[PDB]
Amino acid sequence: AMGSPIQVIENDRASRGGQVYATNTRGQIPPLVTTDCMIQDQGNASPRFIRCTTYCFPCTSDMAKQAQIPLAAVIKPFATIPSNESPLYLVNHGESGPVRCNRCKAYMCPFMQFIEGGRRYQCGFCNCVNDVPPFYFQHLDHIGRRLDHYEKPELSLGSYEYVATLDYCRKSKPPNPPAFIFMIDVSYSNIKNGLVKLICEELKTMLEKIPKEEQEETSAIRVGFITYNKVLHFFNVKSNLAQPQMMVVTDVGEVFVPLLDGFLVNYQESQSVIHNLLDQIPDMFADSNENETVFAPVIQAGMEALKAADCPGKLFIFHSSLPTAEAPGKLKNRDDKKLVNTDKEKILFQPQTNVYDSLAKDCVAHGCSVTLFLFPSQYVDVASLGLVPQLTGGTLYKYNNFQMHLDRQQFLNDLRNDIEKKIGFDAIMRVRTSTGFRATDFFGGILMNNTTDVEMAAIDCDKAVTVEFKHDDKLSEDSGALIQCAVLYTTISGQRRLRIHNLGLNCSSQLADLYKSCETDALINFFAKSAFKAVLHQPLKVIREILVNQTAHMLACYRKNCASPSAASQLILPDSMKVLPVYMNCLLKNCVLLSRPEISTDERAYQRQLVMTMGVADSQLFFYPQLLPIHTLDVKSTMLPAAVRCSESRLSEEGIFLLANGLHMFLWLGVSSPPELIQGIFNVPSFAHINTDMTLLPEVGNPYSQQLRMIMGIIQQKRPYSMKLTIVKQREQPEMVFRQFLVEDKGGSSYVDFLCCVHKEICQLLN
Amino acid sequence: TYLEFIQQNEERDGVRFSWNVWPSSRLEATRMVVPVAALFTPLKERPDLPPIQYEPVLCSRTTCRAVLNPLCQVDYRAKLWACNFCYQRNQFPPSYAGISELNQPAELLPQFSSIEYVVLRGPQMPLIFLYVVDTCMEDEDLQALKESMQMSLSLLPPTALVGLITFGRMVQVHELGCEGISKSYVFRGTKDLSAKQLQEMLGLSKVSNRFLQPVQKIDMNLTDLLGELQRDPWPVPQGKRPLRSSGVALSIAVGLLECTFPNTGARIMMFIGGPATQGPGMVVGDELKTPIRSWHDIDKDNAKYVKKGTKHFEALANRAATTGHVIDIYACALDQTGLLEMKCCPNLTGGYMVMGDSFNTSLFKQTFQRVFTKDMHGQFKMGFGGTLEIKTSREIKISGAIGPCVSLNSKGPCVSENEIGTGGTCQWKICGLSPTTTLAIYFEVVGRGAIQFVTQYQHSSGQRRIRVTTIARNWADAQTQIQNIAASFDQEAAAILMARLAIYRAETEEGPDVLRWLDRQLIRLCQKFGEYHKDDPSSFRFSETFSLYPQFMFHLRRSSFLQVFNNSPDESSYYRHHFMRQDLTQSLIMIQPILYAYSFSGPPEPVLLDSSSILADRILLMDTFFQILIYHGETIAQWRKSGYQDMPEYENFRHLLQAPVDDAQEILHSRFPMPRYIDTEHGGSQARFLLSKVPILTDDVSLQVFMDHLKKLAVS
Ligand SMILES: [Zn+2]
Ligand SMILES: [Zn+2]
């Protein structure tokens, strides 16, 4: 009998929900992601920005090697700070630039000790003494509080931004503002399903909403347009034309951009032109009988254009089918049965060609970020198509078997949402640490060419990066462990800025303290990514083995070291890790580490990619889906129906449920469902009547439906990806797929089969 | 008179021979020194002849295939004729049945030696006018050129096809008639294409398109397009030449027509406003620090881009010629554009070449306008895809031709082993023809002899026509009739016929071994045909049938054609291009300028090109074919400097001041490449243009001295 995930979620919800958590204490253990509390800074960066797998590190390499807890930090730097919480301050140290430790080069933060009357300070990270520069000098007070320590946000806060001076800029000239390039696949596929005109029509609408800082009057971001079908059509949209000009480039193989000026333009100046263009593109290609297309030469071009304007930018590519047309970048239609113990299964998660990896390199090199809206209808080799956006720090939206009368809304939101996203460009992040350890590994929508500087062509409030630490030397139980996460980037107003997150953690030589300070959600997040990146180098049986052997080894160490003497028939878990065997099982149960029958490679590669980026908020939900009961729903006044475990063993034939994992949202109806509900909710009298196929939100009724809609609304609200709704008839219908999201069930092995499997290897090791 | 003979057989048959009586034996032909050769015009203006709308008759022998001519013997009874050339007996066609010694067909009439026929080929093709426009120039020049094109567009036949490729850093193939959105296919200005590739890429089929569309359909759109043409966008850093891809642009032009309308009348009209600066066909670098190829540069082996880039245009030309298309070049800039390297294209196809200071000048606007001169019937004086076939009596074989043409390498019994010029063939293709287009053909001996000139072409009306000329000249026993042979000598025609021989040699590998070659023959020619006593130079005399020929050689050897040091390699190429094209009259004027004198004392007169004719009480009008120069003698100058002409007393000094300028005007209208004009006087900084037009055999010298060294060399 184990503490269920939901018991644990709700417990901590009770204990800490709707209470202010203020980060003023080193090594504090923030609430779980599944708790909506209020956060106040006061010292250590908000857990909305950063969470760790332990908030108390081990102090010796051996001790860590003993417990086999991974030390790691999930970082989501540009996370959306909620309305009722404090915004980041923008600190500005003048011409000199932000103050820094001379040796580690750490930025002025609260972990900087002032000594000798305020003349000098000693870095917390490296224990080196720096001279306080004249302009920045101030008087220590009673204890060196350095009067002003509550006034200046670089001295008292965990998170703030620095204003970046010119030596932080490419070529030491102030960076230009970015630009969005909009790129449409106008082949036959996409003229038929009605997609192209959707994209052109809505956009007319959308462009308006491009973001602009509050200090400026119009967005400084320029906009350009290209449409391709195995040949690339560029459009001129300069301010002075009543008609837009088209210039086709047919020499793919050595692509180039046919113009300078007229390609990227202020939307407002060139408004009328652009509408006239966007009016015409759909018609323009109406009798296109073309079938094959080209992909890489499109990114290639977009990148070359942002190179030529000398600015960072974001590519908005809308594409349909496997690019088969002969150009560099061709992808053959090959999928193979090399995937159980093959040891070559890794070839399936890699791109086909060596051009995608380099191209990704070219983009990051020039601050170009590509985003891909993909509308498959057959194998598309997402392993290759989605490689560039992932390394380039963009997104992959994939809409299988898209149909205009269903997923039109899914698509339109994601485009709306991706445009208006707060964004940063041409960023490089690096995570500094106190004496005694260093970041040795990274996992994200990222690209690294040395071992220190995480390069991210673009970054949004949604993308997160997990950072794995190992041990250099030794950590003191006096100092604790420090992290300073610092991100160089370029704003949409063309300013170089420096976001800085500082965290302070405790350290300890007592193995007890290690396990007391763990976070499951974060540990899962590290494991997941660590595993998923391994997919590209090792066999999936070797991967899973490493995962189980390190799960047991964790509990086995806590058994034989901090476990009060209890019988050998028991499995003793600490409190931070009640639910870790459960979650760990679900990770291994997920198709990315599992087998072919009934899943495409595409669905596997898509999943493999999405996760890497994920925050801790998102990686929680994706592996342990939310299952809401709706038949028992209260009529009014309550935020949501409490959650229920993810097993078929909580389903009622008289019932109506809602399951979401962050990408799919299922609405499920028992054969015996109460037709009263079936009429308010769907407006049809009989379970018999309703159609799985007509998955379009339902218009009418006010008693329920509305209650249902809102909660689904409550459900969507913080997720980046609007979720495809999938109605499910209870028996003898598709539910076969829905079943797969019932994660505590068997389907590999169930929760009570892995909890059994780990206790075998736990006892394999004894004493 | 022999003169009346020559003038008659030229106007009738387009022919001018070096000899009009031929040595019947190969050897005494070899020691005639000047070869048996003809200046031939295939489309010589012939308003008197009436076209015959019926197929010609070709001798039934395969190797021969000659056309029925007056020289043939006919037996009207029995309906039979025999080829004069091969002696084969041939029947007549059905429709000919009523053939009557009185009622005999046109072409058997001695009046009809030269005659034209109207084929019924079948396909009636439109005309094709591909404009290839450079955009690297000032808005001054590009606007002016734009205007020059808009009118050219108005003059075209309604059925005509037009297209517009523009270029600069990159090459644009515009899609025309594509209304409401203008689309154009863009190519790197640095990568050469094959037509096949261009056909695939422009999304074309094999063998109206979206690129070439009928003028009556696309007039509003194109003209509008042209009006909206602006100069190459990409800016030009300080101390730099633009990136101009002359080379690739043309290659794309030639391609676009090679693969849509192969083998039919078309004219690629390329307007450039600078040198090519980004190869292939590159002519110079893109930094102004390095001046362009200079003859001295090119001679000292310090012109890197001449061999490479020439072999490029040389390939295009033959690619253009293979498909029956013309390449005009229209070059206007304050410095060179690489006419030297691109010369083959105008030269091998029937192309025009025009050279000017800028497009915004009368000189150009007028030159360009003429090119669309219409005849009485309202059709262009143009011809396309001509195919020239020359047949000769057995005794005679062909060495080859020199002029605007390309060999089809047709072997035949009429083909001599020792070839000259474009040789080893009895068929040339002349891609573009004009009533002026003139070829030098070079014959070779091995009762009369005959040569038949058959020219099929595409008349501007799109009517496919054939023109046939048959000429005969008498055979002579050179051991007996030497005088009868020396009597027939065309000093005028032989002179030109040599000039081209000499000039065509100065394109091939030979160095200054030409002033040498050209004098050795001139001395030989004296020896064979001069009256003298050995070693009595004073003794030398020349027949009136020869007396002018050494004065021609004197002028030819000192001309811009051979002394190319004082000219821009582009100039020299442009002079030579017009000379090899021209009939005898013009050809003659180029080599020896006509000078006229205007004085109070009598009407205007042809005077010698000597200093002696420059007088201070005389106005001169020099008329080199290329330039028109008016010279005021020192006294008439001051009279003009004092304003006398305006006063009503001096009506007569007003009129002497006007009469040359009147004639200057006439010449500035009938001549196709409008001639530069010069108004100068004694001491004028531009007087030099006059004073300059007025072992080796000799160092450059006076005419009389020239004759002296010659005489004393002849008689030894
Ligand atoms: Zn430091
Ligand atoms: Zn015959």
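Indices start at 1 and increase along the chain as displayed.
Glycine too: its Cβ is placed from the backbone N, Cα and C atoms.
Summarising the environment of A:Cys123 (Zn(2+) binding site), the number of other Cβ atoms within 10 Å of its Cβ, over all protein chains shown, is 25. Annotation comment: Swiss-Prot describes A:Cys101, A:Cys104, A:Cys123, A:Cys126 as Zn(2+) binding site, evidence class a large-scale study or a structure entry.
Under the heading expression tag, the PDB entry lists A:1-3. Listed as Cβ neighbours of the expression tag (A:1-3) (distance under 8 Å, sequence separation of 6 or more from its ends, same chain) are residues 578-579, 581-582, 751, 755.
Swiss-Prot lists A:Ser4 with the feature phosphoserine, giving a large-scale study or a structure entry as the kind of evidence. Annotation note: A:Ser4 (phosphoserine) sits in a coil segment as assigned by DSSP.
Residues annotated as region 'Zinc finger-like' in Swiss-Prot: A:101-126.
What Swiss-Prot lists as repeat 'Gelsolin-like' is A:639-712.
The helix, strand and coil residue counts that DSSP assigns across the region 'Zinc finger-like' (A:101-126) are 3 helix, 7 strand, 16 coil.
Spanning 3 unmodelled residues, the distance from A:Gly747 to A:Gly748 taken between Cα atoms equals 7 Å.
In sequence order, A:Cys123, A:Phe125, A:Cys126, A:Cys128, A:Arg432 are the residues of the chain that are 6 or more apart from A:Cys104 (Zn(2+) binding site) and have a CB within less than 8 Å of its CB.
It is 47 Å from the Cα atom of A:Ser4 (phosphoserine) to that of A:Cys101 (Zn(2+) binding site). The binding-site residues in question are A:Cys101, A:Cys126, and the one with the fewest Cβ neighbours inside 10 Å is A:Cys126.
There are 19 other Cβ atoms within 10 Å of the Cβ belonging to A:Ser4 (phosphoserine).
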